[PDB]
């Protein structure tokens, strides 16, 4: 349960993972996974095996700055190109790996924006995306633009004001721990499984 994971970056083209998880933390959060990232990762690891999944937090140019929430897409252009780059590194290192993503708060705005901007064929490989305290939930009508609703799972609590057009942080915004341990990883595992196999 560590808050910094660089499995894709330190990933080996010759020992490719079969699932790659790219996750963006919320503003001011520790490491590159914050509070929720590790819970999803550990759960993904038991389902795919520790070598079945590369876990990658969005670090680098993503500084998870509080003021950046106030920008038009809910994060910086720099953060967006940092996460777009990670998706592309995944596509390049491991062209057969299934992709999954998520983010919390500014991270959810960051995930939504990067996926909106991604080449449609890399984006085709993202089996599922989870979003918590999605700061653009109202503005995007619960969707990630350019990305199918059935690949999208948004955890937006009742009384989480960021999910209803605000940037006020109320108590439900802080309560996503059990979603990150449970229904979120379950959704990701179940999207990946339904796209792999001989069928």
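Positions refer to the first chain, counted from 1.
Trainee: So, looking at the entry's B-factor column for Cα atoms, which has the higher mean, 168 to 176 or 49 to 57?
Mentor: Mean B over CA atoms: larger for 49 to 57.
Trainee: Hey, which bit's got the bigger mean C-alpha B factor in the entry, 20 to 28 or 7 to 15?
Mentor: According to the entry, 7 to 15 carries the higher average C-alpha B-factor.
Trainee: Considering only 105, 91, 129, 77, which residue's Cα atom bears the greatest B-factor as recorded?
Mentor: Of the candidates given, the C-alpha B-factor peaks at 91.
Trainee: For residue 111, does the deposited CA B-factor place it in the lowest, middle or highest third of the chain?
Mentor: It belongs to the lowest third of the chain when residues are ordered by C-alpha B-factor.
Trainee: When the deposited Cα B-factors of this chain's modelled residues are ordered and cut into thirds, is residue 69 in the lowest, the middle or the highest one?
Mentor: Within its chain, residue 69 is a lowest-third residue by C-alpha B-factor, going by the deposited values.
Trainee: Grab the CA temperature factor for residue 99 from the record and place it in the lowest, middle or highest third of its chain.
Mentor: Its C-alpha B-factor, which the entry lists for residue 99, ranks in the middle third among residues of this chain.
Trainee: Against its chain's modelled residues, does residue 44's Cα B factor rank lowest, middle or highest third?
Mentor: Its C-alpha B-factor, which the entry lists for residue 44, ranks in the highest third among residues of this chain.
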